[PDB]
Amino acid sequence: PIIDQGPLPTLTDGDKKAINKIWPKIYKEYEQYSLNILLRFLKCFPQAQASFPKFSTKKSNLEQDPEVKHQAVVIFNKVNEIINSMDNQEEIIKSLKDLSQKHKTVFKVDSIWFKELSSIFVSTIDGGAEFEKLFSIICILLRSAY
């Protein structure tokens, strides 16, 4: 499944091929997708809500929260940008290695959260083993500054 520790996995030509088949259908509605992913994460993991100073209101207005939607799309886009550069595995490493640093020293986020949001991301878009490896690479790197 999704992993967040250990030797970085390598994306096969096959994995990359499969991912690029499912992806467009997803970003064809990145707004309705990015939202459900973030909303299901906060509903099933309410304790994670305290990590976003940008918001901490009553969950009754959490789907209209403009800032909620803004963070939703921010995540979806990074994932998109990582898929756009799957071939150059040196670029991905450099990029996500630095983002891990922001989350640690700047946003003061707990590393145990990435895998969980990642689990919901995949399930919502229905990605297979391919996407689990992608997010395995994503989560391992996001926890590298820790």
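All residue numbers refer to positions in the sequence shown, first residue = 1.
Checked against the record, the higher mean CA B factor of 102-110 and 40-48 lies with 102-110. For the segment pair 83-91 and 53-61, the entry gives 53-61 the higher mean B-factor, averaged over Cα atoms.
Residue 133: CA B factor in the lowest third of modelled residues in this chain (values from the PDB entry). Looking at the C-alpha B-factors along this chain, the one for residue 96 belongs to the middle third. Sort the modelled residues of the chain by CA B factor and residue 73 lands in the highest third.
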